[PDB]
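Listing of target00.txt; format and content: compact mmCIF, C-alpha atoms and all ligand atoms.
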# COMPACT_ATOMS: atom_id res chain seq x y z
CA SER D 1 0.00 0.00 0.00
CA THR D 2 0.88 3.70 -0.41
CA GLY D 3 -0.40 7.10 0.71
CA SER D 4 0.10 10.62 -0.62
CA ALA D 5 -1.08 13.80 1.13
CA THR D 6 -0.58 17.50 0.39
CA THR D 7 1.08 19.59 3.11
CA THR D 8 0.21 23.32 3.24
CA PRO D 9 2.15 26.12 5.00
CA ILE D 10 0.04 27.57 7.90
CA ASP D 11 1.04 31.21 7.11
CA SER D 12 3.02 33.40 4.65
CA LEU D 13 6.40 32.64 6.39
CA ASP D 14 6.12 28.78 6.22
CA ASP D 15 6.25 28.71 10.07
CA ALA D 16 4.84 25.14 9.90
CA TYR D 17 2.96 22.85 7.46
CA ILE D 18 -0.40 21.13 8.10
CA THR D 19 -1.52 17.84 6.44
CA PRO D 20 -5.11 16.60 6.66
CA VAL D 21 -5.52 13.30 8.53
CA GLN D 22 -8.73 11.20 8.75
CA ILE D 23 -9.39 9.87 12.31
CA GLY D 24 -12.25 7.59 13.31
CA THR D 25 -15.46 6.25 11.75
CA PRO D 26 -17.08 8.26 10.23
CA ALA D 27 -13.87 10.17 9.47
CA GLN D 28 -13.06 13.31 11.50
CA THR D 29 -10.52 15.28 9.45
CA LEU D 30 -7.88 17.18 11.52
CA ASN D 31 -4.98 19.25 10.19
CA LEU D 32 -1.83 17.85 11.85
CA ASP D 33 1.79 19.06 11.92
CA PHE D 34 3.84 16.12 10.64
CA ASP D 35 6.95 16.17 12.90
CA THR D 36 9.99 13.95 12.02
CA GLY D 37 11.48 15.23 15.37
CA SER D 38 8.88 13.58 17.68
CA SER D 39 6.95 10.30 17.99
CA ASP D 40 3.46 11.15 19.44
CA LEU D 41 0.28 11.47 17.36
CA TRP D 42 -1.75 13.87 19.56
CA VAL D 43 -4.88 15.93 18.85
CA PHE D 44 -7.08 18.65 20.20
CA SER D 45 -10.15 16.78 21.39
CA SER D 46 -13.52 16.89 23.23
CA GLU D 47 -11.34 16.31 26.37
CA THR D 48 -9.11 19.44 25.92
CA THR D 49 -9.61 22.11 28.69
CA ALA D 50 -12.27 24.40 27.06
CA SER D 51 -10.29 27.67 27.73
CA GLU D 52 -7.24 26.09 25.87
CA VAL D 53 -9.14 25.60 22.57
CA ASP D 54 -9.29 28.69 20.26
CA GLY D 55 -10.53 27.71 16.78
CA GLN D 56 -8.85 24.26 16.40
CA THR D 57 -10.85 21.32 15.00
CA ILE D 58 -11.20 18.71 17.76
CA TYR D 59 -11.35 14.91 17.69
CA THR D 60 -14.49 13.57 19.52
CA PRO D 61 -13.82 9.89 20.29
CA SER D 62 -17.43 9.34 21.51
CA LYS D 63 -18.57 10.08 17.89
CA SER D 64 -16.25 7.38 16.40
CA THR D 65 -17.62 3.81 16.23
CA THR D 66 -13.95 2.50 15.98
CA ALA D 67 -12.54 4.48 18.98
CA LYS D 68 -11.50 2.49 22.08
CA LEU D 69 -10.06 4.03 25.30
CA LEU D 70 -6.53 2.55 25.80
CA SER D 71 -7.30 2.02 29.49
CA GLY D 72 -4.78 3.50 31.95
CA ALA D 73 -2.56 5.00 29.24
CA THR D 74 -1.41 8.63 29.60
CA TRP D 75 1.06 10.83 27.74
CA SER D 76 2.97 14.03 28.40
CA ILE D 77 5.37 15.76 25.97
CA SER D 78 7.76 18.77 26.07
CA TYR D 79 9.14 20.15 22.75
CA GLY D 80 12.44 22.04 22.10
CA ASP D 81 10.48 25.37 21.83
CA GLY D 82 9.21 25.00 25.49
CA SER D 83 5.62 24.04 24.36
CA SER D 84 3.85 21.02 25.88
CA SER D 85 0.70 18.89 25.91
CA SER D 86 -0.67 15.87 27.77
CA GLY D 87 -3.74 13.69 28.22
CA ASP D 88 -5.09 10.15 27.73
CA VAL D 89 -5.11 7.72 24.75
CA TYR D 90 -7.61 6.10 22.36
CA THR D 91 -6.95 3.62 19.58
CA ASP D 92 -8.74 4.42 16.33
CA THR D 93 -8.56 4.14 12.52
CA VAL D 94 -6.16 6.79 11.10
CA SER D 95 -5.77 7.49 7.33
CA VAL D 96 -3.20 9.78 5.66
CA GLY D 97 -3.62 10.38 1.90
CA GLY D 98 -5.47 7.06 1.38
CA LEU D 99 -3.13 4.89 3.62
CA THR D 100 -5.07 3.47 6.59
CA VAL D 101 -3.78 2.20 9.96
CA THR D 102 -6.25 0.38 12.26
CA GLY D 103 -5.53 0.51 16.03
CA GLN D 104 -3.33 3.65 15.89
CA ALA D 105 -2.69 5.31 19.27
CA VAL D 106 -4.44 8.73 19.09
CA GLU D 107 -3.29 10.73 22.11
CA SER D 108 -6.17 13.00 23.21
CA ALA D 109 -5.07 16.31 24.78
CA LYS D 110 -6.55 17.24 28.17
CA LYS D 111 -4.02 20.13 28.41
CA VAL D 112 -2.00 22.12 25.82
CA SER D 113 0.45 25.00 26.39
CA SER D 114 -0.28 28.57 25.25
CA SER D 115 1.64 28.29 21.91
CA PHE D 116 -0.75 25.48 20.79
CA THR D 117 -3.93 27.35 21.90
CA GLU D 118 -2.62 30.50 20.12
CA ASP D 119 -2.21 28.59 16.80
CA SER D 120 -5.79 27.95 15.49
CA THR D 121 -4.38 26.30 12.32
CA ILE D 122 -2.72 23.22 13.99
CA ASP D 123 -5.13 20.53 15.28
CA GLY D 124 -2.24 18.44 16.69
CA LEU D 125 1.00 16.62 15.76
CA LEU D 126 1.74 13.39 13.92
CA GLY D 127 5.20 12.26 15.01
CA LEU D 128 7.49 10.51 12.47
CA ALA D 129 10.65 10.07 14.58
CA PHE D 130 11.52 6.59 16.02
CA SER D 131 8.87 4.98 18.29
CA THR D 132 11.47 4.78 21.14
CA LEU D 133 10.61 8.53 21.75
CA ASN D 134 6.83 7.96 22.12
CA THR D 135 5.73 9.24 25.54
CA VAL D 136 2.67 6.97 26.21
CA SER D 137 2.90 5.30 29.66
CA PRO D 138 2.84 2.60 30.87
CA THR D 139 2.81 0.93 27.38
CA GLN D 140 4.82 2.85 24.76
CA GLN D 141 2.95 3.21 21.42
CA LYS D 142 4.12 3.00 17.75
CA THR D 143 4.11 5.93 15.29
CA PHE D 144 1.76 5.99 12.30
CA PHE D 145 4.78 5.09 10.03
CA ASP D 146 5.91 2.23 12.31
CA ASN D 147 2.30 0.80 12.24
CA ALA D 148 2.02 1.26 8.45
CA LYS D 149 5.55 0.05 7.53
CA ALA D 150 4.83 -3.71 6.98
CA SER D 151 1.87 -2.89 4.63
CA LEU D 152 3.81 -0.29 2.57
CA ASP D 153 5.22 -1.18 -0.90
CA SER D 154 8.60 0.14 0.38
CA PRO D 155 9.39 0.98 4.04
CA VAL D 156 9.88 4.72 3.36
CA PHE D 157 8.18 8.10 3.51
CA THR D 158 9.29 11.27 1.74
CA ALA D 159 8.95 14.97 2.60
CA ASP D 160 8.72 17.43 -0.31
CA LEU D 161 8.08 20.76 1.51
CA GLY D 162 7.20 23.83 -0.57
CA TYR D 163 8.67 27.34 -0.33
CA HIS D 164 5.62 29.59 0.28
CA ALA D 165 3.63 26.82 -1.46
CA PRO D 166 2.08 23.40 -0.81
CA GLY D 167 4.18 20.23 -0.87
CA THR D 168 3.74 16.50 -0.40
CA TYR D 169 4.22 13.68 2.10
CA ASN D 170 4.31 10.31 0.43
CA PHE D 171 4.29 6.93 2.21
CA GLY D 172 5.63 3.63 0.75
CA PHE D 173 7.01 4.97 -2.56
CA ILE D 174 9.60 7.37 -4.06
CA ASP D 175 8.04 9.70 -6.70
CA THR D 176 10.92 9.80 -9.24
CA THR D 177 9.18 12.84 -10.96
CA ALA D 178 9.41 15.02 -7.76
CA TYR D 179 13.25 15.59 -7.88
CA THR D 180 16.15 16.34 -10.27
CA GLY D 181 19.39 14.33 -10.63
CA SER D 182 19.95 11.46 -8.15
CA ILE D 183 19.07 10.89 -4.47
CA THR D 184 22.18 10.78 -2.26
CA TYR D 185 21.74 8.48 0.78
CA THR D 186 23.57 9.00 4.09
CA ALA D 187 23.78 7.00 7.32
CA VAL D 188 21.35 7.54 10.22
CA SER D 189 21.97 7.03 13.98
CA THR D 190 18.75 6.14 15.88
CA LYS D 191 20.65 6.35 19.23
CA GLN D 192 18.67 9.52 20.22
CA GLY D 193 15.36 8.37 18.52
CA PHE D 194 15.84 11.01 15.74
CA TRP D 195 16.65 10.94 11.99
CA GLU D 196 20.20 11.93 13.00
CA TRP D 197 22.82 12.18 10.22
CA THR D 198 26.17 13.92 9.48
CA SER D 199 26.40 16.68 6.86
CA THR D 200 29.76 16.89 5.11
CA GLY D 201 30.05 20.68 5.27
CA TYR D 202 28.71 24.01 4.04
CA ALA D 203 29.26 27.04 1.85
CA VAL D 204 27.93 30.63 2.09
CA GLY D 205 26.71 32.15 -1.20
CA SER D 206 29.28 31.63 -4.00
CA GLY D 207 31.99 30.90 -1.34
CA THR D 208 34.25 27.84 -1.25
CA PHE D 209 32.85 24.71 0.36
CA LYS D 210 34.16 24.02 3.91
CA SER D 211 34.54 20.24 4.46
CA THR D 212 33.45 19.64 8.07
CA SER D 213 31.20 17.03 9.77
CA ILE D 214 27.93 18.56 11.18
CA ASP D 215 25.87 16.01 13.16
CA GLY D 216 22.18 17.00 13.15
CA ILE D 217 18.57 15.84 12.91
CA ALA D 218 16.19 16.09 9.96
CA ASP D 219 13.16 17.69 11.70
CA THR D 220 10.06 18.73 9.68
CA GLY D 221 8.52 20.07 12.95
CA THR D 222 11.23 22.74 13.41
CA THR D 223 10.88 25.93 11.30
CA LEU D 224 14.46 27.07 11.04
CA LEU D 225 18.00 25.72 10.41
CA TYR D 226 19.99 25.53 13.69
CA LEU D 227 23.76 25.03 13.19
CA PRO D 228 26.94 25.53 15.18
CA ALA D 229 27.79 29.15 16.14
CA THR D 230 30.94 29.08 13.88
CA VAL D 231 28.89 28.24 10.80
CA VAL D 232 26.05 30.67 11.62
CA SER D 233 28.59 33.56 12.25
CA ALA D 234 30.27 32.81 8.90
CA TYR D 235 26.81 33.06 7.21
CA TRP D 236 25.59 36.34 8.74
CA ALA D 237 29.05 37.97 8.37
CA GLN D 238 28.17 38.07 4.59
CA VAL D 239 25.02 40.22 5.29
CA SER D 240 25.66 43.97 5.92
CA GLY D 241 24.16 45.06 9.28
CA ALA D 242 23.30 41.49 10.43
CA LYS D 243 23.82 40.89 14.16
CA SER D 244 22.86 38.49 16.97
CA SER D 245 20.21 40.22 19.19
CA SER D 246 19.84 38.93 22.80
CA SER D 247 16.58 41.00 23.04
CA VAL D 248 15.04 39.40 19.88
CA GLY D 249 16.59 35.91 20.51
CA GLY D 250 18.89 35.36 17.52
CA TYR D 251 20.31 36.77 14.28
CA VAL D 252 18.41 39.70 12.72
CA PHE D 253 19.27 41.53 9.49
CA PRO D 254 18.13 44.72 7.72
CA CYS D 255 14.93 44.02 5.73
CA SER D 256 16.66 45.91 2.79
CA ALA D 257 19.29 43.09 2.49
CA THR D 258 19.58 40.51 -0.31
CA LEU D 259 20.51 37.29 1.55
CA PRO D 260 23.15 34.89 0.21
CA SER D 261 22.31 31.21 -0.40
CA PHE D 262 23.52 28.50 2.05
CA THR D 263 24.78 25.13 0.77
CA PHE D 264 24.97 21.99 2.96
CA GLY D 265 26.68 18.74 2.01
CA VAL D 266 25.15 15.27 1.77
CA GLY D 267 28.12 12.95 1.12
CA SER D 268 29.68 14.35 -2.12
CA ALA D 269 26.29 16.01 -2.98
CA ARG D 270 25.29 19.64 -2.31
CA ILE D 271 21.80 21.05 -1.40
CA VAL D 272 21.55 24.82 -2.04
CA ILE D 273 19.11 26.82 0.15
CA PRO D 274 18.25 30.04 -1.79
CA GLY D 275 18.76 33.26 0.20
CA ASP D 276 14.99 34.02 0.03
CA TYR D 277 14.31 30.83 2.11
CA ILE D 278 16.35 32.37 5.00
CA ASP D 279 14.12 35.51 5.25
CA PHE D 280 11.53 35.21 8.08
CA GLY D 281 10.41 38.84 7.75
CA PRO D 282 10.01 41.68 10.19
CA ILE D 283 10.64 40.87 13.93
CA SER D 284 7.36 42.77 14.68
CA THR D 285 4.81 44.25 12.34
CA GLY D 286 6.28 47.28 10.54
CA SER D 287 9.87 46.74 11.72
CA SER D 288 12.79 47.17 9.27
CA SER D 289 14.63 44.47 11.31
CA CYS D 290 14.04 40.97 9.90
CA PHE D 291 14.48 37.58 11.57
CA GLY D 292 17.07 35.13 10.11
CA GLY D 293 16.20 31.59 9.07
CA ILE D 294 19.63 30.27 10.08
CA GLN D 295 20.28 30.43 13.85
CA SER D 296 22.80 29.07 16.39
CA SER D 297 22.19 25.63 17.92
CA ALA D 298 24.34 26.58 20.98
CA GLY D 299 22.27 25.80 24.12
CA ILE D 300 19.88 23.44 22.19
CA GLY D 301 22.52 20.65 22.41
CA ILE D 302 21.79 19.42 18.83
CA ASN D 303 21.95 20.78 15.26
CA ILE D 304 18.55 20.81 13.57
CA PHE D 305 17.97 20.62 9.76
CA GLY D 306 14.50 22.15 10.08
CA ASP D 307 12.08 23.28 7.34
CA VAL D 308 14.46 26.02 5.94
CA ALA D 309 16.92 23.24 4.95
CA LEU D 310 14.44 20.41 4.18
CA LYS D 311 12.18 22.44 1.83
CA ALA D 312 15.25 22.99 -0.43
CA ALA D 313 15.33 19.15 -0.96
CA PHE D 314 13.34 16.04 -1.80
CA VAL D 315 13.99 14.08 1.43
CA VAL D 316 13.62 10.26 1.79
CA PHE D 317 13.15 8.85 5.30
CA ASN D 318 14.19 5.22 4.65
CA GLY D 319 12.70 3.06 7.48
CA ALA D 320 14.53 -0.15 6.36
CA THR D 321 16.17 -2.49 8.94
CA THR D 322 19.17 -0.06 8.85
CA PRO D 323 17.47 3.38 8.42
CA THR D 324 19.06 5.94 6.03
CA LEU D 325 18.24 9.49 4.79
CA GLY D 326 18.12 10.45 1.08
CA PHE D 327 18.43 14.02 -0.22
CA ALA D 328 17.91 15.19 -3.80
CA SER D 329 17.73 18.65 -5.42
CA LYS D 330 14.32 19.54 -6.95
NA NA D 401 9.11 33.50 16.09

Can you present the structure in this file as structure tokens?
Ligand code: NA
Amino acid sequence: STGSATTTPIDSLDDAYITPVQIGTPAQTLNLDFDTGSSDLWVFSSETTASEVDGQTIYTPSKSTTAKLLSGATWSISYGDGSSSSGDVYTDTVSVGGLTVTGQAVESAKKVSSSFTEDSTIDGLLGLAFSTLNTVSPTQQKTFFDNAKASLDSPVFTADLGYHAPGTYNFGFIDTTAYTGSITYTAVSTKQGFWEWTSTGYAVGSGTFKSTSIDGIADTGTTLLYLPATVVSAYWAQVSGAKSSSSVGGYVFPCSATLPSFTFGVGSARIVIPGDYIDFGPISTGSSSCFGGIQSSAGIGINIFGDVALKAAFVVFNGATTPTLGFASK
């Protein structure tokens, strides 16, 4: 079997991407943030504290003839951005782009932090990292991909994020029309539960390529590209008036600037992020100071190839016995 779903940026900056997911019988469609950096499928629901819902579509398990309470199961998660959610668990029928999993753990939120309430466009998360990160207790649960894997034509899913435009998540097949040239595959460590891999270096604009290993995670749930402070300083040094602002919380640049591209290596291959992709616009409405798309990973304790880097590529998440990543230009 296969599935194929369109993913749509939630706003004009590509802050995140929502994909419609069918839950239950009859189907309840919710717009979920597919997150290769986490392993919980959780939703706004009929159980979510009323004051903490502000325009989201909710899952109502009592209206689903296939929902069953997973008795005694709870979950609680804390993301890199300080946001959080928690609640109890149902099993139900979950379909993404025509691919159906029966008995999927659907984690129903009783509580969500302010950043979730404040985003009316995201109905929940669908994690696509390794199931060893799933937070359900006392019985850890499998991701949608882990449940689907055995039924898929090939044990893979692909992320084809758009720049200010819709993209695609495909499950169980590589669309050979969606990229140019060849896919370059690179080794993955699952030691941290992430799609963790080692980039072979970087270049800034038309600059020479610096050969250097950069360990990091491929994370569709993180907006920006977080890299070591050396690399990030080398990038913003090429932008007149760019500086790191304590008060704003990272690199800002004059909104009059033309930003240079950023290239990252995948083995002997090169993925070029156009300069436009690194522009996250004014820091506040009306400001001439703009927020950078490339930021320091210092403090975070890991490098993160977030949407700024991934949307420049056709990315293959190979869930074979020995998992690998694939990157192609497109
Ligand atoms: Na922000």

Which residues of chain D have any atom within 12 Å of an atom in ligand NA 401 (chain D) when counting only C-alpha atoms and all ligand atoms, and what is the closest pair of atoms for each, with the distance in Å to one decimal? Order the rows by chain and rising number and write it as JSON lines.
{"residue": "D:13", "atom": "CA", "partner": "D:NA401", "partner_atom": "NA", "distance": 10.1}
{"residue": "D:14", "atom": "CA", "partner": "D:NA401", "partner_atom": "NA", "distance": 11.3}
{"residue": "D:15", "atom": "CA", "partner": "D:NA401", "partner_atom": "NA", "distance": 8.2}
{"residue": "D:16", "atom": "CA", "partner": "D:NA401", "partner_atom": "NA", "distance": 11.2}
{"residue": "D:81", "atom": "CA", "partner": "D:NA401", "partner_atom": "NA", "distance": 10.0}
{"residue": "D:115", "atom": "CA", "partner": "D:NA401", "partner_atom": "NA", "distance": 10.8}
{"residue": "D:222", "atom": "CA", "partner": "D:NA401", "partner_atom": "NA", "distance": 11.3}
{"residue": "D:223", "atom": "CA", "partner": "D:NA401", "partner_atom": "NA", "distance": 9.1}
{"residue": "D:224", "atom": "CA", "partner": "D:NA401", "partner_atom": "NA", "distance": 9.8}
{"residue": "D:248", "atom": "CA", "partner": "D:NA401", "partner_atom": "NA", "distance": 9.2}
{"residue": "D:249", "atom": "CA", "partner": "D:NA401", "partner_atom": "NA", "distance": 9.0}
{"residue": "D:250", "atom": "CA", "partner": "D:NA401", "partner_atom": "NA", "distance": 10.1}
{"residue": "D:251", "atom": "CA", "partner": "D:NA401", "partner_atom": "NA", "distance": 11.8}
{"residue": "D:252", "atom": "CA", "partner": "D:NA401", "partner_atom": "NA", "distance": 11.7}
{"residue": "D:280", "atom": "CA", "partner": "D:NA401", "partner_atom": "NA", "distance": 8.5}
{"residue": "D:281", "atom": "CA", "partner": "D:NA401", "partner_atom": "NA", "distance": 10.0}
{"residue": "D:282", "atom": "CA", "partner": "D:NA401", "partner_atom": "NA", "distance": 10.1}
{"residue": "D:283", "atom": "CA", "partner": "D:NA401", "partner_atom": "NA", "distance": 7.8}
{"residue": "D:284", "atom": "CA", "partner": "D:NA401", "partner_atom": "NA", "distance": 9.5}
{"residue": "D:290", "atom": "CA", "partner": "D:NA401", "partner_atom": "NA", "distance": 10.9}
{"residue": "D:291", "atom": "CA", "partner": "D:NA401", "partner_atom": "NA", "distance": 8.1}
{"residue": "D:292", "atom": "CA", "partner": "D:NA401", "partner_atom": "NA", "distance": 10.1}
{"residue": "D:293", "atom": "CA", "partner": "D:NA401", "partner_atom": "NA", "distance": 10.2}
{"residue": "D:295", "atom": "CA", "partner": "D:NA401", "partner_atom": "NA", "distance": 11.8}

- Message: I want to know what sits within 10 Å of range 89-101 of chain D, based on only C-alpha atoms, with residues of the same chain fewer than 5 positions away left out; could you give that as a ChimeraX atom specification?
- Response: /D:1-6,19-29,41-42,61,64-75,106-109,136-137,141,144-149,151-152,168-172

Could you write out the selected residues, including C-alpha atoms, as a PDB file, keeping the file's coordinate frame?
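What follows is the written file result-v1.pdb:
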ATOM      1  CA  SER D   1       0.000   0.000   0.000  1.00  0.00           C
ATOM      2  CA  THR D   2       0.880   3.700  -0.410  1.00  0.00           C
ATOM      3  CA  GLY D   3      -0.400   7.100   0.710  1.00  0.00           C
ATOM      4  CA  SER D   4       0.100  10.620  -0.620  1.00  0.00           C
ATOM      5  CA  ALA D   5      -1.080  13.800   1.130  1.00  0.00           C
ATOM      6  CA  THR D   6      -0.580  17.500   0.390  1.00  0.00           C
ATOM      7  CA  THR D  19      -1.520  17.840   6.440  1.00  0.00           C
ATOM      8  CA  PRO D  20      -5.110  16.600   6.660  1.00  0.00           C
ATOM      9  CA  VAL D  21      -5.520  13.300   8.530  1.00  0.00           C
ATOM     10  CA  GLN D  22      -8.730  11.200   8.750  1.00  0.00           C
ATOM     11  CA  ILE D  23      -9.390   9.870  12.310  1.00  0.00           C
ATOM     12  CA  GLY D  24     -12.250   7.590  13.310  1.00  0.00           C
ATOM     13  CA  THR D  25     -15.460   6.250  11.750  1.00  0.00           C
ATOM     14  CA  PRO D  26     -17.080   8.260  10.230  1.00  0.00           C
ATOM     15  CA  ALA D  27     -13.870  10.170   9.470  1.00  0.00           C
ATOM     16  CA  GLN D  28     -13.060  13.310  11.500  1.00  0.00           C
ATOM     17  CA  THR D  29     -10.520  15.280   9.450  1.00  0.00           C
ATOM     18  CA  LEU D  41       0.280  11.470  17.360  1.00  0.00           C
ATOM     19  CA  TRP D  42      -1.750  13.870  19.560  1.00  0.00           C
ATOM     20  CA  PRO D  61     -13.820   9.890  20.290  1.00  0.00           C
ATOM     21  CA  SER D  64     -16.250   7.380  16.400  1.00  0.00           C
ATOM     22  CA  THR D  65     -17.620   3.810  16.230  1.00  0.00           C
ATOM     23  CA  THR D  66     -13.950   2.500  15.980  1.00  0.00           C
ATOM     24  CA  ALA D  67     -12.540   4.480  18.980  1.00  0.00           C
ATOM     25  CA  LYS D  68     -11.500   2.490  22.080  1.00  0.00           C
ATOM     26  CA  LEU D  69     -10.060   4.030  25.300  1.00  0.00           C
ATOM     27  CA  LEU D  70      -6.530   2.550  25.800  1.00  0.00           C
ATOM     28  CA  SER D  71      -7.300   2.020  29.490  1.00  0.00           C
ATOM     29  CA  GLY D  72      -4.780   3.500  31.950  1.00  0.00           C
ATOM     30  CA  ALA D  73      -2.560   5.000  29.240  1.00  0.00           C
ATOM     31  CA  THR D  74      -1.410   8.630  29.600  1.00  0.00           C
ATOM     32  CA  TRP D  75       1.060  10.830  27.740  1.00  0.00           C
ATOM     33  CA  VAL D 106      -4.440   8.730  19.090  1.00  0.00           C
ATOM     34  CA  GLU D 107      -3.290  10.730  22.110  1.00  0.00           C
ATOM     35  CA  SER D 108      -6.170  13.000  23.210  1.00  0.00           C
ATOM     36  CA  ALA D 109      -5.070  16.310  24.780  1.00  0.00           C
ATOM     37  CA  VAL D 136       2.670   6.970  26.210  1.00  0.00           C
ATOM     38  CA  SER D 137       2.900   5.300  29.660  1.00  0.00           C
ATOM     39  CA  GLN D 141       2.950   3.210  21.420  1.00  0.00           C
ATOM     40  CA  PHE D 144       1.760   5.990  12.300  1.00  0.00           C
ATOM     41  CA  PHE D 145       4.780   5.090  10.030  1.00  0.00           C
ATOM     42  CA  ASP D 146       5.910   2.230  12.310  1.00  0.00           C
ATOM     43  CA  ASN D 147       2.300   0.800  12.240  1.00  0.00           C
ATOM     44  CA  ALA D 148       2.020   1.260   8.450  1.00  0.00           C
ATOM     45  CA  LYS D 149       5.550   0.050   7.530  1.00  0.00           C
ATOM     46  CA  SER D 151       1.870  -2.890   4.630  1.00  0.00           C
ATOM     47  CA  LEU D 152       3.810  -0.290   2.570  1.00  0.00           C
ATOM     48  CA  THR D 168       3.740  16.500  -0.400  1.00  0.00           C
ATOM     49  CA  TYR D 169       4.220  13.680   2.100  1.00  0.00           C
ATOM     50  CA  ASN D 170       4.310  10.310   0.430  1.00  0.00           C
ATOM     51  CA  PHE D 171       4.290   6.930   2.210  1.00  0.00           C
ATOM     52  CA  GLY D 172       5.630   3.630   0.750  1.00  0.00           C
TER      53      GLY D 172
END

- For residue 301 in chain D, please output as a list in words all residues within 12 Å (counting only C-alpha atoms; exclusion window: fewer than 5 positions along the same chain). residues 80, 192, 215, 216, 217, 226, 227, 228, 229 and 296 of chain D

- Message: Residues near residue 254 in chain D, anyone? I mean within 7 Å using only C-alpha atoms, not counting same-chain ones fewer than 6 positions away, as an MDAnalysis selection string.
- Response: chainID D and resid 241:242 288:290

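Nearest-residue note for residue 286 in chain D: choosing from D:57, D:116, D:84, D:255, the minimum distance belongs to D:255, counting all atoms listed in the file.
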
- Message: For a test of reading the model, state the distance in Å between CA of residue 34 in chain D and CA of residue 311 in chain D, rounded to one decimal.
- Response: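 Separating CA of residue 34 in chain D from CA of residue 311 in chain D is a distance of 13.7 Å.
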
- Query: Suppose you want the space between CA of residue 324 in chain D and CA of residue 195 in chain D; what is it in Å?
  - Reply: 8.1 Å

- For CA of residue 190 in chain D and CA of residue 304 in chain D, the interatomic separation in Å (one decimal): 14.9 Å
